[PDB]
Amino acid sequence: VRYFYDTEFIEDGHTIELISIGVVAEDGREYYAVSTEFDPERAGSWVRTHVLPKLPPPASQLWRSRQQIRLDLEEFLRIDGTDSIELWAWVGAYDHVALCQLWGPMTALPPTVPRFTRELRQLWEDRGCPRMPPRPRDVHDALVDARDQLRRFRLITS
């Protein structure tokens, strides 16, 4: 059913160029990939310092084409499966677009992928803002960040 995710990307007010994606299923499965298709030269200051250095070394199989990431996610999210898929992220409007654009325009999103991502911050605030683990060491690694989202959600719903 539930997947927690995060993306890193280069966004210029016009497009969102996907750097990486981390997704963690409530059942414990984890997916992380980094795109071979974004242009590192086009990254602004904040990304160069905080995002770029934390990426896998160049020879890692974690590096995948946009097409591989799409096919990886269709398998990882079980899009042909029994269960209803429910996507979650923390302040994920841009993340939601970044994920969806792996498929193309919204019309080309697979029929079982939700057309919205639930907002963890919204749930957090609606439960009166309960005390959370402080920020992990490596924030801006999308998988670490996606992990911490699931941790947060479990706390709030315990």
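All residue numbers are counted from 1 along the displayed sequence.
Annotation for 55-63 versus 89-97: the higher mean temperature factor (C-alpha) is found in 55-63. If you average the C-alpha B-factors over 139-147 and over 14-22, the higher value belongs to 139-147. Within the listed group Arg29, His50, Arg115, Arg121, the record reports its top CA B-factor for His50. Among all modelled residues in its chain, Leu109 ranks in the middle third by Cα B-factor. For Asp80, the recorded CA B-factor ranks within the highest third of the chain. Only modelled residues enter the ranking.
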